[PDB]
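Quick setup: one chain, the form deposited in one PDB entry, written in structure tokens, and binding and motion questions come after.
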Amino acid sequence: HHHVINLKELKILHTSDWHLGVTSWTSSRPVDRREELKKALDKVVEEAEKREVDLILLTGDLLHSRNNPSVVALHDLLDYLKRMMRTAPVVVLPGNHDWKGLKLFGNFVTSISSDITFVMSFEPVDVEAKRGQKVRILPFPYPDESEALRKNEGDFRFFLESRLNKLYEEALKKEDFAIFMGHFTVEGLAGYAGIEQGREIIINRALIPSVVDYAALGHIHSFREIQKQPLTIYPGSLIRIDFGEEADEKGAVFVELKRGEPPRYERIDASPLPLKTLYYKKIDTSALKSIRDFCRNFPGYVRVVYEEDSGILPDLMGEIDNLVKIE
């Protein structure tokens, strides 16, 4: 960190939901997403160095595997943390990972390095940005399955709301900037896919402390500007992980804060490979030519959906390399 005299500006890189280590459609045609994903991450890291960001915010789901992440996935994560730390201080709000050692590793790494901070509790942390700016981090991670295992919905809502009220109180005692970091699902998300075999946490967007200068959220795979006061953004994932994300905007966001003035932000589009679902009434020869000609010019991955039985289908996937799913 430089010790440039405390300024009124704060340039922020905010990215999340990397899902490192993911292989899509493993039970039809496994496609390792690593090359496309690293291509998107390199784009984000390079853009941050170009824009000379002061702070880097990561808000979880950086690894696809919640249980046993591959050595390759863990290597890429620590690799990209290292590259970002060389650019600006990094604050990491991890997702709902399964092994408890992560909290000990995170606290240990936070203790031995000034360039990275792991926030894994509801307790706020003050950090210093690249140009000396003092930033109070208001963290709101995934609570617990155990407290959720209470099964009483009423008290669990009250637990979360009391944690939010405290973060509001501590945001008032800020110095230069206060930044909220949360890993949850905003209530009533326009076009929310749904639960992917798991219990989710639903928070009303109005409960986010209005006095924070920026609300950095993760867990949602599409870019979403939730609200303007306080500015609340899901950056989205960097790749289209599965079909259903065909219309999502993918990338990161660059946020600039000035005291007393409204915040400005630009999207950093990852330019991800596209997805396409092909719907056919029946798989006939006229529909077969449509399938082949489409994939020959389509730079992404294709799914074919049909309900009318069309006999034993010809080896479409053994023939078409970017056709990954037929259902």
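One-based numbering along the sequence shown. We call the rigid core whatever largest set of C-alpha positions still superposes within 1.5 Å between the two forms.
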Look up the CA B-factors in the entry and say which stretch, 203-211 or 245-253, has the higher mean. 203-211
Tell me which stretch has the larger mean Cα B-factor in this entry, 105-113 or 171-179. 171-179
At the C-alpha atoms, which of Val304, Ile12, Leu313, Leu20 reaches the highest B-factor in this entry? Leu313
Reading the B-factor column for Cα atoms of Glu225, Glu145, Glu123, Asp76, the highest value belongs to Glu145
Split the chain's modelled residues into thirds by Cα B-factor; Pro263 lands in the highest
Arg66 CA temperature factor, ranked by third within the chain: highest
Could you look up the Cα B-factor of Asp32 in the entry and say which third of the chain it sits in: lowest, middle or highest? lowest
Just say lowest, middle or highest third for the CA B-factor of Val135 relative to the other modelled residues in its chain. middle
Lowest, middle or highest third: where is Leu149 by C-alpha B factor in its chain? highest
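Although not depicted, the form deposited in another entry is the subject of the following passage.
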For the core superposition between the shown form and the other one, please identify the residue among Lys82, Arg150, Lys173, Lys228 whose CA shift reaches 2 Å or more. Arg150
With the core lined up, does the C-alpha of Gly194 move 2 Å or more between the shown form and the other one? yes
So the CA-CA distance for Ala193 and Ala216 moves by at least 3 angstroms in the other form. Closer or farther than here? closer
Explain in one word, closer or farther, how the Cα atoms of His64 and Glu147 are placed in the other form relative to this form, where the distance changes by 3 Å or more. closer
